[PDB]
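> Model the structure of this input:
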Amino acid sequence: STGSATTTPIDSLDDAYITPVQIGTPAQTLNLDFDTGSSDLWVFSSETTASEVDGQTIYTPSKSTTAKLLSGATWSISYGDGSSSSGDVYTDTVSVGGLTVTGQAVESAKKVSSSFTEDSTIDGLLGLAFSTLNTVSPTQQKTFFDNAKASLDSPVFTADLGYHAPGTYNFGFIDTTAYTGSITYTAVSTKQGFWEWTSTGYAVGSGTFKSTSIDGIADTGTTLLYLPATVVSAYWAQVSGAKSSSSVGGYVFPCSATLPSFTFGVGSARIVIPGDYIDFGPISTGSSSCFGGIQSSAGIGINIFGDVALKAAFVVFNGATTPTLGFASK
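Numbering: from 1, shown residues only. The protein structure is shown below:
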């Protein structure tokens, strides 16, 4: 089998992407944030604390003839941006772009933190990291991909995120019309439960390529590109007036600037992030200080190839017995 679904930016900055997901019978369609950096599929629901729901579409398991309470199971998750959610668990039928999994764990939120409530466009998350990170207790549950894998034509999914435009998540096949050149594959470590890999280096604008190993994760659920302070400093040094602001929480730059591109290595191949992809707009409405899309990972503890990087590429998440990652230009 295969599936194919369009993924759409939630706002004009590409802060995140939502993909429609059918849950239950009859289908209840929720717009979920597909997140290759976590492993829980959780939704706003009829059980979510009323004051914490503000415009989201909810899953109501009592209206689904295929929903079953997973007795005794609870979940609780905290994300890198300081947000969190928790609740109980149902199994139900879940379909993405025509690909159906029966008995998928659908984690129903009883509580969500403020930043989830305040974002009306995201109805939950669909985790696509390794199932070893799934938070369900006392019996850990499998991701949608893990459950679908054996049935797929090929045990892969691909992320093709757009810049200020829709894109595509495919399951079970590689769309050879969706990228240019060849896909370069690179080794993955699953030791931390992430799609963790090692970039071979970087360049800033038309500068020379620096060969240096950068371990990090391919994370569709993080907006920005987080890299070592040395790399990030080298980038922003090429932008007149750019500076790291402790008050704002990262590098800012004059909105009048023209940003240079940033290139990252995948083996001997190179992915070029255009400068405009690195512009996250005014720090506050009406400001002429703009927020940078490349930020330091210092004090995160891991480098993160988030949407800023991934949207410059066609990305293959190869879930074969030994997983790998593939990147192509597009």
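> And residue 108, its phi and psi?
With angles defined as degrees, to the nearest 10, residue 108 sits at phi -90, psi 120.
> and it, how many neighbours?
Using other C-beta atoms under 10 Å, the number of residues around residue 108 comes to 26. All C-beta spots, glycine's among them, are computed from the backbone N, C-alpha and C.
> Enumerate every residue touching the spatially closest residue to it that is not a sequence neighbour.
In this structure, residue 108 finds its nearest non-sequential neighbour in residue 45, 4.1 Å apart by C-beta to C-beta, 6 or more residues apart in numbering. For residue 45, the contacting residues are 58, 59, 60, 61, 87, 108, 109, by C-beta atoms under 8 Å, 6 or more residues apart in numbering.
> Could you do residue 128 as well?
Taking C-beta under 8 Å, 6+ apart as the criterion, residue 128 is in contact with 34, 35, 36, 39, 143, 144, 145, 157, 220, 317.
> tally of neighbours for residue 299?
So residue 299, with other C-beta under 10 Å, has 6 neighbours.
> which residues touch it?
Counting by C-beta under 8 Å, 6+ apart, residue 299 touches no other residue.
> Which secondary structure state is assigned to it?
Recorded secondary structure, residue 299: coil (DSSP: H, G, I helix; E, B strand; the rest coil).
> what's the distance between it and residue 270?
Taking C-beta to C-beta, to the nearest Å as the measure, residue 299 falls 28 Å from residue 270.
> Can you select the buried ones from the contacts of residue 45 in PyMOL?
In PyMOL syntax, the buried subset of these is picked out as below (16 or more other C-beta atoms under 10 Å):
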select buried, resi 58+59+61+87+108+109
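> what's the closest of the contacts of residue 45 to residue 1?
Of all these, the one with the least separation from residue 1 (C-beta to C-beta) is residue 59, at 23.4 Å.
> doesn't residue 48 make contact with that closest one?
No - assessed by C-beta atoms under 8 Å, residue 59 is found out of contact with residue 48, at 9.3 Å.
> mind checking how far stretch 232-241 is from the chain centre?
Relative to the centre of its chain, stretch 232-241 is centred 26 Å away, using C-alpha atoms, centre = their mean, to the nearest Å.
> Any idea how many residues pack against residue 287?
So residue 287, with other C-beta under 10 Å, has 13 neighbours.
> Would you check how far apart it and residue 54 are?
Residue 287 sits 26 Å away from residue 54, going by C-beta to C-beta.
> what's the answer for residue 327, then?
Distance of residue 327 to residue 54, computed by C-beta to C-beta: 37 Å.
> Tell me which of the two has more neighbours.
It is residue 327, of residue 327 and residue 54, that has more neighbours when counted by other C-beta under 10 Å, with 28 against 13.
> Give me the phi and psi for the more buried one.
With angles defined as degrees, to the nearest 10, residue 327 sits at phi -130, psi 130.
> Start at 43, not 1
All right, first residue 43 from here; so that's residue 369.
> Touching, it and residue 353? I think so.
No - taking C-beta under 8 Å as the definition, residue 369 is not a contact partner of residue 353, at 11.8 Å.
> chain center to stretch 234-248: distance?
Stretch 234-248 sits 16 Å away from the centroid of its parent chain (C-alpha atoms, centre = their mean).
> Please enumerate the shared neighbours of residue 101 and residue 90.
Residues touching both residue 101 and residue 90 (C-beta under 8 Å, 6+ apart) are residue 150.
> got the CA coordinates for the helix or strand that contains residue 118 in CSV?
Assigning secondary structure by DSSP states H and E places residue 118 in strand 110-120. Taking Å, rounded to 0.1, in the frame of the first residue of the first chain, the C-alpha atoms of strand 110-120 are listed here in CSV:
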residue,chain,number,x,y,z
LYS,A,110,-11.8,1.4,22.0
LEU,A,111,-10.4,2.7,25.2
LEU,A,112,-6.9,1.3,25.8
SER,A,113,-7.6,0.4,29.4
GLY,A,114,-5.2,1.8,31.9
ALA,A,115,-3.0,3.6,29.4
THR,A,116,-1.9,7.2,29.9
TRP,A,117,0.6,9.5,28.2
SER,A,118,2.5,12.7,29.0
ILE,A,119,4.9,14.5,26.8
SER,A,120,7.1,17.6,26.9
